[PDB]
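First the structure, in the form of structure tokens, and then the observations on it.
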Ligand SMILES: Nc1nc(NC2CC2)cc(-c2cccc(Cl)c2Cl)n1
């Protein structure tokens, strides 16, 4: 089994918008915006909705930039995460019950308080190189195996 999940990174020249998750799974980490994809909708439809609800932003075009499956040792279910880049948006970022948004300069991204994988795939996302990966975790904080390829090489 895989759980279908969406993640959106809103980017401007030199900076990325992240949100501090205030509750639930991954509470206390900065991340992009997203969540579960419901049965009967597309991955993209979920992403647009969840961005608006969590950050206040409406996006025109979402660019598909990555797909990573995550496995946790000792656990059955995988997370299938679909990652998008937004280069333009309407509205202004604002705190919601789920997320507190904040801009970070690209040389100041707080990787030590993000999911452990972000530091490894962020450079591909920032360079607009579409990618595919597979990560195996030992608990929430330790990466046992990480694999990443640009899809151009497959
Ligand atoms: N950056 C990043 N890294 C992740 N790494 C996997 C160890 C969990 C998972 C997620 C993610 C994406 C969408 C929704 C949810 Cl709930 C999550 Cl947790 N994001």
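Just so it is clear, chain A uses Swiss-Prot numbers, and the residues here are 3-156, in order.
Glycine too: its Cβ is placed from the backbone N, Cα and C atoms.
According to Swiss-Prot, the feature O(6)-methyl-dGMP binding site maps to 8, 23, 33, 35, 36, 37, 38, 117, 118, 119, 120. For residue 33 (O(6)-methyl-dGMP binding site), the same-chain residues that are 6 or more apart in sequence and have a Cβ closer than 8 Å to its Cβ are 9, 20, 21, 23, 116, 117, 120. When secondary structure is read from DSSP and collapsed to three states, residue 33 (O(6)-methyl-dGMP binding site) falls in the strand class.
Under the heading 2-oxo-dATP binding site, Swiss-Prot lists 8, 33, 35, 36, 37, 38, 117, 118, 119, 120, citing similarity to another entry as support.
DSSP classifies residue 23 (8-oxo-dGTP binding site) as strand under the three-state reduction. Around the Cβ of residue 23 (8-oxo-dGTP binding site), the number of neighbouring Cβ atoms within 10 Å comes to 18. The 8-oxo-dGTP binding site annotation in Swiss-Prot covers 23 and rests on similarity to another entry.
Residues or ranges marked as Mg(2+) 1 binding site by Swiss-Prot: 36, 56, 100.
Annotation note: residue 52 (Mg(2+) 2 binding site) sits in a helical segment as assigned by DSSP. Cβ contacts within 10 Å of residue 52 (Mg(2+) 2 binding site), excluding its own Cβ and spanning all protein chains shown: 22. Look at Swiss-Prot and you will find 52, 55 tagged as Mg(2+) 2 binding site, backed by experimental evidence.
Broken down by DSSP into helix, strand and coil, the domain 'Nudix hydrolase' (3-132) contains 28 helix, 53 strand, 49 coil. The domain 'Nudix hydrolase' feature in Swiss-Prot is assigned to 3-132.
The motif 'Nudix box' annotation in Swiss-Prot covers 37-58. Within the same chain, residues 5-10, 12, 19, 21, 64, 66, 84, 86, 88, 93-96, 98, 100-101, 103 sit at least 6 positions outside the motif 'Nudix box' (37-58) and bring their C-beta atoms closer than 8 Å to a C-beta of that stretch.
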- Whole-number Å value for how far residue 36 (O(6)-methyl-dGMP binding site) lies from residue 52 (Mg(2+) 2 binding site) (Cα to Cα): 5
- Listed binding-site residues 55, 56, 119, filtered to Cα within 10 Å of residue 36 (O(6)-methyl-dGMP binding site): 55, 56
- Query: Given the binding-site residues 35, 117, which one is most crowded in terms of C-beta atoms within 10 angstroms?
  - Reply: 35
- Item | Other same-chain residues whose Cβ falls within 8 Å of the Cβ centroid of 36, 56, 100, the recorded Mg(2+) 1 site, in sequence order | 21, 23, 35, 37, 52, 53, 55, 57, 98, 101
